[PDB]
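For this one, two forms of the same chain are given in structure tokens, first as structure 1 and then as structure 2.
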Structure 1
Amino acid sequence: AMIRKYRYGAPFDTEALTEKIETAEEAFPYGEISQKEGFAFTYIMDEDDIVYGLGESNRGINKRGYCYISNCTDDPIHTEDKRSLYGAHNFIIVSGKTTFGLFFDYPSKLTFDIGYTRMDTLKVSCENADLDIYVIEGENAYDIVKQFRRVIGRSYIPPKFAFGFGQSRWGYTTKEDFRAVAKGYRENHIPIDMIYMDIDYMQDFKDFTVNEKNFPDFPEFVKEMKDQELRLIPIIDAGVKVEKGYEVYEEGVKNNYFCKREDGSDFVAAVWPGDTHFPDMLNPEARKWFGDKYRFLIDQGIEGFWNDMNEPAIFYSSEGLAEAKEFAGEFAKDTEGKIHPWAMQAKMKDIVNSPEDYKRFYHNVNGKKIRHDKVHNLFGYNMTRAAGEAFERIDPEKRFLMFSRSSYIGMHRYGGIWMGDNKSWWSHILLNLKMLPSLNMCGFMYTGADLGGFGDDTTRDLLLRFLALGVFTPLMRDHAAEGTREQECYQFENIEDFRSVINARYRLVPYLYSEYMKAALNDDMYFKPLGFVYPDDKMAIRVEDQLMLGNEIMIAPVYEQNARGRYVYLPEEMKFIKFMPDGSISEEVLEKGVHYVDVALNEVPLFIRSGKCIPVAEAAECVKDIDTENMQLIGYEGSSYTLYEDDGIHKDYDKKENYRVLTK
């Protein structure tokens, strides 16, 4: 009703929305539209306007002052200059005197020039005028986000164990590796629920295999781990290894389930297994086939998966590599200095994630051929869709843990996302924080970043501050790249500080799970910018390093090295709470306004809003062992809290039995 859909040309059906909106037949209601050069929408912003949205994208909560390109890309260096990361989340909200939301339902490269060229000018452009643009009206940004959340369908809901702590590393390969992790945590009584299995668990990186040498009785290992409340979470990649006798490959070739070149052959992309084919994720029969392969792991006791490299990432194509070797032979023969090393270096970089390669393969959509670049940002989304749909077919009532690196709006119904390859940088604590509300606006609630940083070398104090933010993010996972300084919690001196921080997570799990469930079930946000909760407070609307969570608390993590506290702005009176390393809970009332709060490395801070309280459990070492029967309430006298809790396993969300009222 307050949502209208403006159709240009003949757009591709992304299935991002679950709700049907009729095509509007009036002139576009904001700014101006031009087709002189592909498609461009231009809008002149007021100087006080804030722009929210874009889900997983670079920089801040207010998107003004830079350029953002929705073009799912495998880029491990998230510096401020980058215009594209892994996600394509084409929803923005202009917020000010004039307020409206826009969703550009377009599956290809889409450029958001948000004051980059001229500060007052918002320009959104793409190559082809074949798209739907949804215009959402409302009193404020928050109401517009809520309408949007309604029409894109309910967010993915994880199983409760996924709210525990998880540990992973690109490098764990053998039973011994995994047992050392289990032992490193359990014998030091650091809580944990999950261990991630990265690409080395497979036989030569073949999807839907297990290295039968390292795991000759894999279901028995899965049980050994699960008996200790440790759930193994295996990676699945986009590329299917080319290899004779490998059933997944053979089936794919025989039934034409792979993406093909223009000449009809199966396109070759080299990734971890060397030569691979990509399953045609936009083909329904291929998707059913590919998703059903997950049963191979599910039958073995596996309850969760993560999907990687699904941009899809390409190290090189056969075509790219041939050009590379040819160039290199010229370089090698050059004696006159006609070919500089720089040109040689550039060619080598050019064959990776090449825009040319994305034009070299096609999807078969219900019989019709579509060049991949035209639908590039739909790939990772449909790979995760394939898995989610398969889960429904095998056990309609069971929640599986599922999250994906690349995504597009619509995928939020089928899995979460992690924020990809960050770095052990202090700036990435803050980057992690700012991405949270924007993802929430776009449907992606189950999210998190690699705690401690994926690439480069972490330090003890950096890992502790990351963990203290991760305490509040639904996906809380310590994961590192190969070759990095080891960053399992037991690798550092005074490990009692890591126990204290992760203890805080487990004490908060019933509250955090409850808020997640209440928000997901009501198409609402888990994390919100302060401006959404205090929209009449000009100071509050511009705060970017604090977030509101549910309706009870605010978080404000320390993200500066050597800092012993940080500044905060409280838009109302709050109780400043700290989980202390001795197990106690420090509390102090603070009035509305500016404060510097002391927060030590081994203290986890939060703020409880006036007239609110939250339940806190005693610390336990796995989700199953959390005692929720008579939790302590922290916060304001005379307040109450409605706890959501179900069995954490099935999908019986609609019971009054799931809710109970607690009173301080």
Structure 2
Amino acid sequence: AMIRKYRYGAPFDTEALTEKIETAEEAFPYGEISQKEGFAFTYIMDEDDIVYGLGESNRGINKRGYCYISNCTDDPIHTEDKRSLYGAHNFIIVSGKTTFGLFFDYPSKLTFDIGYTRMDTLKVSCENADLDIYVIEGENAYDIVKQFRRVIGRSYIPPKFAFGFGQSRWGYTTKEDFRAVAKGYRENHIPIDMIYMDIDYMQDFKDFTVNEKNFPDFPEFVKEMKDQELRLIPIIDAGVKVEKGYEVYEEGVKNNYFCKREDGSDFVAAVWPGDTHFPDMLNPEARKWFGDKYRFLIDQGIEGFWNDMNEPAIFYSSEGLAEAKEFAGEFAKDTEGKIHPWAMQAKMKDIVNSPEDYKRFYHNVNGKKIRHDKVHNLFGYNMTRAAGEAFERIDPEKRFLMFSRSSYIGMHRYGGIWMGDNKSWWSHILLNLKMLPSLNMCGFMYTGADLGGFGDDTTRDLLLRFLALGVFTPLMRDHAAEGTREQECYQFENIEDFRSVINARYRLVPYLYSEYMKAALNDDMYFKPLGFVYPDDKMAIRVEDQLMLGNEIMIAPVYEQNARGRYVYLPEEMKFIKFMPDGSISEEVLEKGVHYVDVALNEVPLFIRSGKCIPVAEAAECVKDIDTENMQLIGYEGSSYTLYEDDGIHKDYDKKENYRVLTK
């Protein structure tokens, strides 16, 4: 009764929602619907309206003034130019004099023109009128989000160790690479729980193998790491290498588990291993088979994974490569200047993640052949679902770490989100901040971004500022990609500043975990925009560079180079808190209003709300060793905090003993 569902045509069943909603037969309640040239929803907005939503999408909290396309893609350009990121999160809320939420349950290319063409006009459009549109009513945006969170089902919950800090690098290959990382952190007493394994740990980039020469007794090495409280977290890619004798490949061909061309041959896309096939993630039998393959690593002591390249990414197809070679041949023998080098450059760019390639293969959905482009935004979702369901079959009571690159609403139940590569961009700290609440609205709470680097561009201060935001993001890792400067926390001058920043994370782990758990278990938000907490404050609702976390605190990271502080707006009285590099905590009461606050590179700030408190533990070097017995309470005298704690390993969420009232 606060949710209606309007059905057009014959929508594909995405499983985004867990709750059944009856089909509405009355007029569509807002704006205008046109089925004239495909499908379009058009709404004229009031001047003061704010538009929230779109989860993993470009620009700010208020989405007005740009165009967003839901179309899972890895576009090799600066973020500022992107129409589309990796996620398709089709939920928006119009908030103003008239407030309502909309979820467009549609698996293919969906365009949100949000005041881009005409400032007062919101237009949502797609090529086929085959979708469900859910309309959600409420008295405010926050109320609407909670109703949405209920129907899409409980968010993924990670094991507690995943609330520690993790290091990786595209390039760690040998046992010695990993041993050096373990020594570097542990001997310098920098806290760490995880080391990520990028694609080089495989045999020739083959999913569900390990390099035999580099890791002859892999389970013993996993144990060697685990004995020092270091959990190895390996990558799994969408593409399965074409190679005779490789079991995964052989099984997939024999059992028709790969995506097929129109003639029924297995589609070939080049990725890391050269030629690959994609498992048919929309086929239930194929899903169960692919997910079951994770047993290979679980049986060796691995407790978490990440899924990558799962748009699916395509460097080129056999068809695209042939066209490119053909065109290059014309270029080569052109003497009359008919083919310009820039037409040559465009052709080469064009074969990567090509729209034409996405219509060259099909999914077998319960016996019905569906062209991939029609359901493109479901692929990464279904890959992560395959793994999640397999974990449930393997060990239904154990939590595994799991996160994905590509996603769609529904996937939030199975794993978290890798938000993107910040490379060495100062601009991206603020972009990460803005995206966090929007992701929470769509069910994705376990999220964080990479600072992959770019040449030597990651300076000491960029990393420290990035990590000080990372303190608060459930996924906190330092993982080099294109960066060539050594970027582990022990590789820079004045190592103590890095230790101070990571210490703050570990001191806050009990609180951050508690807040995550309470929010996940009650279908609520971890990060919130200020406007959700202070809806009557016209200043608060426009703030895009601070966030509320749980019900106790506000964050406001420094995101400018060479800055020694920043401006903040406090909507109520708050205690300005800083974790200091000597292990102390500075505290200052600041009244409602505008402030400039000082924040050094080695300082981690936050603000505790009036009438609230948080528990703070002493710094420990791993999650297991955190002393939660008698934590310091920080904030206002006389306040209480409800601490959630469990074993962090299993799914015994409903024990009364999980909850403890603390009082300052």
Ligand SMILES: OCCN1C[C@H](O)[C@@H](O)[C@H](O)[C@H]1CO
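By rigid core we mean the largest C-alpha set that fits within 1.5 Å across both forms. Each residue is numbered by where it sits in the sequence of structure 1, with counting from 1.
Note on provenance: structure 1 matches the form deposited with this ligand bound. Aligning the rigid core between the two structures and inspecting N562, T79, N366, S584, the C-alpha positions shift by 2 Å or more at one residue, which is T79. Once the rigid core is used as the reference frame, the Cα position of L451 differs between the two structures by 2 Å or more. Relative to the superposed rigid core, the position of the CA of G264 differs between the two structures by less than 2 Å. Annotation for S354: C-alpha shift under 2 angstroms between the two structures, rigid core superposed. When the core is overlaid, the C-alpha of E37 ends up 1.4 Å from its other position between the two structures. Relative to the superposed core, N422 moves its CA by 2.4 Å between the two structures. Relative to the superposed core, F28 moves its CA by 0.7 Å between the two structures.
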